[PDB]
Structures are given as C-alpha cells and as structure tokens.
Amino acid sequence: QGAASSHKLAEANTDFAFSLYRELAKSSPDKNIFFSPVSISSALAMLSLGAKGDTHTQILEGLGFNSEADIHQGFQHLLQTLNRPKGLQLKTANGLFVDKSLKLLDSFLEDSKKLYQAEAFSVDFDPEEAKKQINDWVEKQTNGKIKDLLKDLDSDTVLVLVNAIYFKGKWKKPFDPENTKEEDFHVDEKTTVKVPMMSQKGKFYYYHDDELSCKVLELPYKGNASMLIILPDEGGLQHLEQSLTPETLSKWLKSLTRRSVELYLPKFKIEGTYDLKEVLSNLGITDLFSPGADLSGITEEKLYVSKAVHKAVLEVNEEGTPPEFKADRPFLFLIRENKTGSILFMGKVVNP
C-alpha cells in the first residue's frame, strides 16, 4: 500500500546486488564476473508491470520487497537520476520482443516507456532474421559496443528480454601513460599473465580491513561515480566473497580515509553474459521463465519469458582529466553512483 520510499529502493537494490553477485560467483569460479545489478533490478520491475498472481510475488520478493509493495514510482525516479546529464550517460539497451500475433495491452506499452524508458517490440520469431534484427538493434543502441549479442534462437520463442550495457569511464585523477609498464598478473599459483600495469602516486580514500584481510580503495569517476576496488590479502578471496554483504560495504565506506597510496592497477577489459533464467532461479524468480507464467498484464494471451540475456562490458584504462595498492592478482570491484548509492556494477577480475 503506497509507492515505496527511495530508501526502500536503495536497500532492496543493494541486497539484491550482493546476492546476485554471490550466486554468479558460486556458479562460475575462476571466471571474470561483470554485470549491472541495477539494470537487472530494473528489467524485472518493468516485467512486474505485467505480472499478476504469484508470478508477481516471486519477482518483488526476489528484488527485495513486500508482495504488496509498490515500486514503480521509485524506480522511475531513480533511473531519472542515473540517466541525467550530470551523470554517467550510459550507452544502454533494453528491448522487449514479443511474438507479433500477440495483441499487447497498449497501456503496458505506454508505461514501460515513461516509467522505465525501455522499448518493447512485437516481432515475428522465425529463428533466423529475428536474431539479426535484435542483435543489430542492440548494436545500434550501444553505438557498436555490443555486437552480435544473441547466440541462437529456438523456434518456439515468444518473448525475448534483452538487457545490455557498455561502460568506459573517465577518471577524476588520470594515470600517466608513461607509468604504464608491463607486469606479471598472478591469476593463480600456476598461471601467469602479462598485463599493462597503470601506476599512480597520489591521495585516494583507502582502508586496510584486516578483520577481512584485504585492501579497499576508491577511484573517482568523472560523472559523480566511484570505483570501489577490493584487493584480498594473499589467497583469501574465497572467504572474502563469503563476507560480501551490504553491511560490510557500509563498514568499508565508514572506514575509508584519504591517504597517500602508491596505486598499481592493470588496464583491462572484461565482460559478462548471463542467462537470467538460471541465475534468478536460485533467487526464487522462477515462474516468469516458464509456461505457466502470469503476464496477462502484458497480453490476454498465454505467455512467459522464453529467453533473457543480460550482458555488461567494462573497459578500464588511464584516461583522463605510504601504503602500496598493487592489484597484480585476482580482485573484486564495484562501481557505485555517488548521489544515489546505487550499485551500477559489480565485478570480479580474474583474467584481465
């Protein structure tokens, strides 16, 4: 009863972010992780617009809300904030593609656009020319930074959710290229990888958690966002991930002090592609992706979510505007919006 506060929204999003991280990490060790948890929260909420019955409850309770919670005004306000000119101006894509034989309730069509600024398309689902149209659209929407998103397409497909994002930020305090020297990145005991190491000597907000044997450090982005980098102490990553709760994050933000750091960070590019069906399956959101889904708020005809791809790409370089922090082994990071607190990105860099 009543649109949730902004604070409910920032708490739910963030307990959803970390639980999602925790599941991806469980299901694929030794692999790079990169996703935008705010984008997934948003795409589910958009879908909750058309979800009735218990398809609805699974989504809300998965995202972190009361069954009878009202979340839309809140999300609208938030995206409005992130998608502002003083922000990161994120090159993004969120398409909804339904079989063309389905008369969609054109109120759902209206709402998802004003509230979530994400377009929905009615399309014919022959496997061939339809994957092209979609992949080609994703390409456009991200300015060629996410090419050929979808791999295959089953014949019987009726509803495709696509969610894709590319990010490359400008640093507040830029690295000097003439400090970038090739170095060894110890991926593990038996594996070495030559990476270009950016080095900066300056003042950064910093903290050595030894309650969790690891280092934490903030890098500020141009558009009022910051990267939180978490460097585990020698071979303690496993346990670190276990201790990766919204409560720990807050402990860390309280503990950072602005210090002189000798900072060594690899320039890198990573990516993550995720099938939301198998990932959200553990988070309790299951019906939505299965024959008996209630989406009668999308169309009076039968319908469920046939496939859902989320893909995020991050590129980190030096551009552009004492304790040593040397990330020459696998580390965690996240990128948070300074004004809202919203976790835009979480990530793990194992293979730069």
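Each residue number is its position in the shown sequence, starting from 1.
- Per the record, residue 321 and residue 322 are separated by 10 or more deposited residues that have no coordinates.
- Here 275-283 and 119-127 are compared by their mean Cα B-factor, and 119-127 comes out higher.
- Two stretches are in play, 149-157 and 162-170, and the higher mean C-alpha B-factor belongs to 149-157.
- Each of 143, 191, 226, 255 has a CA temperature factor in the record; the biggest one is found at 143.
- Ranking 43, 327, 298, 309 by Cα temperature factor from the entry places 298 first.
- Remark: residue 288 belongs to the middle third of its chain, ranked by C-alpha B-factor as recorded.
- Split the chain's modelled residues into thirds by C-alpha temperature factor. Residue 62 is in the middle one.
- The PDB entry assigns residue 221 a C-alpha temperature factor belonging to the middle third of its chain's modelled residues.
- Residue 137: CA B factor in the highest third of modelled residues in this chain (values from the PDB entry).
- Among the modelled residues of its chain, residue 76 has a C-alpha B-factor that falls in the middle third according to the deposited record.
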